[PDB]
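Worksheet: one structure, shown below.
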Amino acid sequence: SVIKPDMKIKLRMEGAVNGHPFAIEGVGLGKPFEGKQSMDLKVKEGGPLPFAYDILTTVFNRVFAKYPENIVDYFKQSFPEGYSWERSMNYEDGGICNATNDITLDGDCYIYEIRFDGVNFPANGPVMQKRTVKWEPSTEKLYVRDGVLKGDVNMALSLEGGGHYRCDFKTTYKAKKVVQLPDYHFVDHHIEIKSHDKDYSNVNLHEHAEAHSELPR
């Protein structure tokens with residue numbers, strides 16, 4: 001099919017946090033069937049970013065998730081046409097980020113058109129104070145609602161000096177064409193910034209994801 005063992009990624013994010021605009025572009029590669037991917041991101045506008053880079057990472061494609069044969073793969077089925085997703089990320093201190101990604105395919109390269117908008121982040125919260133360390137691994141819960149796929153996940157950012165900062169993700173996935181809808185399942189994730197420069201102008205990001213149909217896994 002159109003899904004190859006090794007594929008590329010090209011993306012551009014345009015957004016704002018607390019009213020301050022910025023733009024980031026990236027290029028990467030991954031293995032859809034292995035659920036692994038990596039990419040290099042460069043801040044193009046609005047740098048240096050005055051907020052924690054981690055709030056952006058999960059926005060920078062579930063096609064990069066290892067799906068077992070007994071689970072319907074909504075994402076790999078959506079191509080060559082592609083799909084799009086919308087997401088609201090509700091942080092425990094009131095900060096709220098809304099994001100969207102329109103994913104298309106050009107040859108062996110996925111193209112992302114991303115929008116990101118966060119508001120109400122407290123001035124002295126971990127996000128505006130850049131006190132986040134990394135996102136903890138997680139388990140996303142996927143279920144069908146009104147012909148489309150939903151995905152919810154309890155996320156947590158490890159904090160500098162100890163503790164965690166919670167955020168609840170609510171994502172809606174929409175294939176561009178009619179595809180087979182999956183039954184209730186899970187997707188394990190682990191996103192990590194492997195390297196970055198001082199002000200995060202350059203970031204190397206990695207993600208590993210695998211789906212499973214029953215728990216305990």
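Letters for chains follow the order of the structure tokens (A, B, ...), residue numbers begin at 1 for each chain, and ligand numbers begin at 1 in the order shown.
For residue 172 of chain A, the residues within 10 Å (counting only C-alpha atoms, excluding itself and residues fewer than 3 positions away along the chain) are residues 84, 85, 86, 87, 88, 100, 142, 143, 144, 145, 148, 149, 150, 151 and 152 of chain A.
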With C-alpha atoms kept, could you save the residues just selected as an mmCIF file, in the first residue's frame?
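The resulting file, again-v9.cif, is shown below:
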```cif
data_model
loop_
_atom_site.group_PDB
_atom_site.id
_atom_site.type_symbol
_atom_site.label_atom_id
_atom_site.label_comp_id
_atom_site.auth_asym_id
_atom_site.auth_seq_id
_atom_site.Cartn_x
_atom_site.Cartn_y
_atom_site.Cartn_z
ATOM 1 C CA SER A 84 -6.996 15.609 10.267
ATOM 2 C CA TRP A 85 -7.289 15.960 14.024
ATOM 3 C CA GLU A 86 -8.385 18.544 16.580
ATOM 4 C CA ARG A 87 -7.373 18.587 20.225
ATOM 5 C CA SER A 88 -7.938 20.487 23.426
ATOM 6 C CA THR A 100 -5.206 21.093 14.843
ATOM 7 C CA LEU A 142 -9.524 5.524 21.715
ATOM 8 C CA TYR A 143 -13.243 5.103 21.087
ATOM 9 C CA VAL A 144 -15.752 5.849 18.344
ATOM 10 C CA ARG A 145 -18.322 8.627 18.570
ATOM 11 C CA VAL A 148 -15.377 9.608 13.995
ATOM 12 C CA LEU A 149 -12.564 8.511 16.298
ATOM 13 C CA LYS A 150 -11.904 10.042 19.706
ATOM 14 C CA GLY A 151 -8.745 9.721 21.768
ATOM 15 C CA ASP A 152 -8.392 10.838 25.385
#
```
Inset, instruction - Can you list, as a PyMOL selection string, all residues belonging to segment 8-198 of chain A that DSSP tags as strand (DSSP E or B)? - result: chain A and resi 8-17+20-31+36-45+66+83-91+96-106+109-119+132-135+138-145+148-159+164-175+185-196
Inset, instruction - Find the residues near residue 155 of chain A: any atom within 12 Å, counting only C-alpha atoms, skip ones fewer than 2 places away on the same chain, and give them as an NGL selection string. - result: :A and (54-55 or 58 or 89-92 or 134-141 or 152-153 or 157-158 or 164-170 or 188-191)
Requested write-out: N, CA, C and O atoms of the selected residues, as a CSV table (one decimal), in the first residue's frame:
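The resulting again17.csv:
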```csv
chain,number,residue,atom,x,y,z
A,54,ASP,N,7.7,21.9,25.8
A,54,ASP,CA,7.0,20.6,26.0
A,54,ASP,C,5.5,20.7,25.6
A,54,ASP,O,4.9,19.7,25.2
A,55,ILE,N,4.9,21.9,25.8
A,55,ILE,CA,3.4,22.0,25.5
A,55,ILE,C,3.1,21.8,24.0
A,55,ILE,O,2.0,21.6,23.6
A,58,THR,N,3.6,17.1,21.6
A,58,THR,CA,2.6,16.1,21.2
A,58,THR,C,1.8,16.6,20.0
A,58,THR,O,1.0,15.8,19.4
A,89,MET,N,-6.2,20.6,25.1
A,89,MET,CA,-5.3,20.2,26.1
A,89,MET,C,-5.6,21.1,27.3
A,89,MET,O,-5.2,22.2,27.4
A,90,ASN,N,-6.3,20.5,28.3
A,90,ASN,CA,-6.7,21.2,29.5
A,90,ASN,C,-5.7,20.9,30.7
A,90,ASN,O,-5.7,19.9,31.3
A,91,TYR,N,-4.9,22.0,31.0
A,91,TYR,CA,-3.9,21.9,32.1
A,91,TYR,C,-4.6,22.1,33.4
A,91,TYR,O,-5.5,23.0,33.5
A,92,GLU,N,-4.1,21.5,34.5
A,92,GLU,CA,-4.7,21.6,35.8
A,92,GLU,C,-4.8,23.0,36.4
A,92,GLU,O,-5.6,23.3,37.3
A,134,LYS,N,9.9,16.9,31.2
A,134,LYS,CA,9.4,16.0,30.1
A,134,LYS,C,8.1,15.5,30.4
A,134,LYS,O,7.6,15.5,31.5
A,135,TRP,N,7.4,14.9,29.4
A,135,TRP,CA,6.1,14.3,29.5
A,135,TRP,C,6.4,12.9,29.9
A,135,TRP,O,7.4,12.3,29.5
A,136,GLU,N,5.6,12.3,30.8
A,136,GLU,CA,5.7,11.0,31.2
A,136,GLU,C,5.1,10.1,30.2
A,136,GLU,O,4.4,10.6,29.3
A,137,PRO,N,5.4,8.8,30.1
A,137,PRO,CA,4.9,7.9,29.1
A,137,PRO,C,3.4,7.9,29.4
A,137,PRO,O,2.9,8.3,30.5
A,138,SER,N,2.5,7.5,28.5
A,138,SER,CA,1.1,7.5,28.7
A,138,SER,C,0.3,6.4,27.9
A,138,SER,O,0.9,5.7,27.1
A,139,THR,N,-1.0,6.3,28.2
A,139,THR,CA,-1.8,5.4,27.5
A,139,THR,C,-3.1,6.1,27.1
A,139,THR,O,-3.9,6.6,27.9
A,140,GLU,N,-3.2,6.3,25.8
A,140,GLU,CA,-4.3,7.0,25.2
A,140,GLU,C,-5.5,6.0,25.0
A,140,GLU,O,-5.2,4.8,24.6
A,141,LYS,N,-6.7,6.4,25.3
A,141,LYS,CA,-7.9,5.6,25.1
A,141,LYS,C,-8.6,6.1,23.9
A,141,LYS,O,-9.1,7.2,23.8
A,152,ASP,N,-8.6,10.1,24.2
A,152,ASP,CA,-8.4,10.8,25.4
A,152,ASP,C,-7.2,10.3,26.1
A,152,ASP,O,-7.0,9.1,26.2
A,153,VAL,N,-6.4,11.2,26.8
A,153,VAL,CA,-5.3,10.7,27.6
A,153,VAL,C,-4.9,11.6,28.7
A,153,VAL,O,-4.9,12.8,28.6
A,157,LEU,N,3.4,16.3,33.0
A,157,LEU,CA,4.8,16.9,32.8
A,157,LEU,C,5.5,16.8,34.1
A,157,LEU,O,5.0,17.2,35.2
A,158,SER,N,6.7,16.2,34.1
A,158,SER,CA,7.5,16.1,35.3
A,158,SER,C,8.1,17.5,35.5
A,158,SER,O,8.4,18.2,34.5
A,164,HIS,N,4.6,16.7,39.6
A,164,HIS,CA,4.0,16.6,38.3
A,164,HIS,C,3.0,17.7,38.0
A,164,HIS,O,2.3,18.2,39.0
A,165,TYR,N,2.8,18.0,36.8
A,165,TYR,CA,1.8,19.0,36.3
A,165,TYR,C,0.9,18.3,35.3
A,165,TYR,O,1.4,17.9,34.2
A,166,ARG,N,-0.3,18.1,35.7
A,166,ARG,CA,-1.3,17.3,34.9
A,166,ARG,C,-2.0,18.1,33.8
A,166,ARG,O,-2.3,19.3,33.9
A,167,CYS,N,-2.3,17.4,32.7
A,167,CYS,CA,-3.0,17.9,31.5
A,167,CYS,C,-3.9,16.8,30.9
A,167,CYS,O,-3.4,15.7,30.8
A,168,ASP,N,-5.1,17.1,30.6
A,168,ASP,CA,-6.0,16.1,30.0
A,168,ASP,C,-6.2,16.4,28.5
A,168,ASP,O,-6.6,17.6,28.2
A,169,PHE,N,-5.9,15.5,27.7
A,169,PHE,CA,-6.0,15.6,26.2
A,169,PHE,C,-7.3,15.0,25.7
A,169,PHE,O,-7.7,13.9,26.1
A,170,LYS,N,-8.0,15.7,24.8
A,170,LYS,CA,-9.2,15.2,24.2
A,170,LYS,C,-9.0,15.5,22.7
A,170,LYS,O,-9.0,16.7,22.3
A,188,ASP,N,-0.2,3.1,23.6
A,188,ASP,CA,0.9,3.5,24.6
A,188,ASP,C,1.8,4.5,23.9
A,188,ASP,O,2.1,4.3,22.7
A,189,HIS,N,2.2,5.6,24.6
A,189,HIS,CA,3.1,6.6,24.0
A,189,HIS,C,4.2,6.9,24.9
A,189,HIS,O,4.1,6.8,26.1
A,190,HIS,N,5.3,7.4,24.3
A,190,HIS,CA,6.5,7.9,25.0
A,190,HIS,C,7.2,8.9,24.1
A,190,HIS,O,7.9,8.5,23.1
A,191,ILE,N,6.9,10.2,24.4
A,191,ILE,CA,7.6,11.2,23.6
A,191,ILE,C,8.7,11.8,24.4
A,191,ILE,O,8.7,12.0,25.6
```
Inset, instruction - Using atom CA of residue 10 of chain A and atom CA of residue 51 of chain A as the two end points, give the distance in Å to one decimal. - result: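 Going from atom CA of residue 10 of chain A over to atom CA of residue 51 of chain A covers 23.5 Å.
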